[PDB]
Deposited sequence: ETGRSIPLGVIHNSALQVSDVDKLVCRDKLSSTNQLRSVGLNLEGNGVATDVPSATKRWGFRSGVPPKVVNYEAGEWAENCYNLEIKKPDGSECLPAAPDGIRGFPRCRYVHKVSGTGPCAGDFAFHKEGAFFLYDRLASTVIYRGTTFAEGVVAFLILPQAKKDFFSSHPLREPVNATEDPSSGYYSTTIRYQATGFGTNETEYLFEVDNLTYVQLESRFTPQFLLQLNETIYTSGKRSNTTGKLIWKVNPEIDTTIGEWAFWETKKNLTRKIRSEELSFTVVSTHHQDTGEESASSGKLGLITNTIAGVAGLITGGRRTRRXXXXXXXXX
């Protein structure tokens, strides 16, 4: 059976389907709630290289969608525009009435290419892709999602403190090659000709600070060609979870153009 959460003896438990508790009271369908919870909140790595390894392509399995009524504000959401090397789309367009996840601090928007060896992209750990009050087994094209899971509850009619500063969202753009494989490569986009080679250890706050440093220091490409900066390991960056947590960078340049950013 699908588990149902209930509060007994000041503690949340799964409802036992064998037993019958006559003191349990369900006086309205309003006491029943579905809730989406973000994998973020369990301490999983949220950087793009770590996150994308949890997703994979597969054929033969029809997609499935289930609604949920309330969700959690996310620090990290993702939005994918992946094509095959031949230019065809890897991900289907969002079905009618499936809009993006409504509360994201950072939207990690990834564009690029991969082999995409399967009709739909699924979560390898069996989690869902959370959209606007609809959770799907698959990723839709160009549509912001959070990784998450769904719970179902009987709320006690007494406890009213159960789902009743502004909202700001920032898009972080990435280019990718070999998407959905072992040899995937990511670049953080400063502008259309200025990039930074991406590491797992880079937080959103570091990426945004690095980009603002590049703009103000004047280390963008002043040439028709592509400028890819690199950050060697002795550069500091922000293992702590998001809820519990300048003029020092020297840039040096080594068709194309590779380069190093030292400290």
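Open item on the list: Relative to the deposited sequence, which regions have no modelled C-alpha positions in the structure?
Closed with: Several regions go unmodelled: 1-4, 169-183, 258-259, 267-275, 285-323.
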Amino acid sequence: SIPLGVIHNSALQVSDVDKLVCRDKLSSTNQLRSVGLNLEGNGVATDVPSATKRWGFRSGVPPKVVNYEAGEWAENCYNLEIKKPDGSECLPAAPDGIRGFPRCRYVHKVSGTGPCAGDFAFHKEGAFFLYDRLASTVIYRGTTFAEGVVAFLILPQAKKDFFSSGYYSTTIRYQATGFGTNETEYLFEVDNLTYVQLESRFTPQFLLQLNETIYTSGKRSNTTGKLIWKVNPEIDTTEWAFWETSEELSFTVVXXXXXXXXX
From here on, numbers count along this sequence of modelled residues.
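Take the two forms, superpose them, and find the largest set of C-alpha atoms that agree within 1.5 Å; that set is the rigid core.
Task: Rigid core superposition result in 7 other deposited structures of this protein, more deviant of 196-204, 225-233 by Cα - done: The answer is 225-233, which departs more from the shown form in 7 other deposited structures of this protein.
Open item on the list: For at least a third of the other PDB entries compared, is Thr238 missing from the model even though its neighbours are present?
Closed with: It is, since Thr238 is left out of at least a third of the other entries that model both flanking stretches.
- [ ] Specify whether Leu249 falls into a modelling gap in a third or more of the other PDB entries of this protein.
- [x] That residue is missing from at least a third of the other compared entries.
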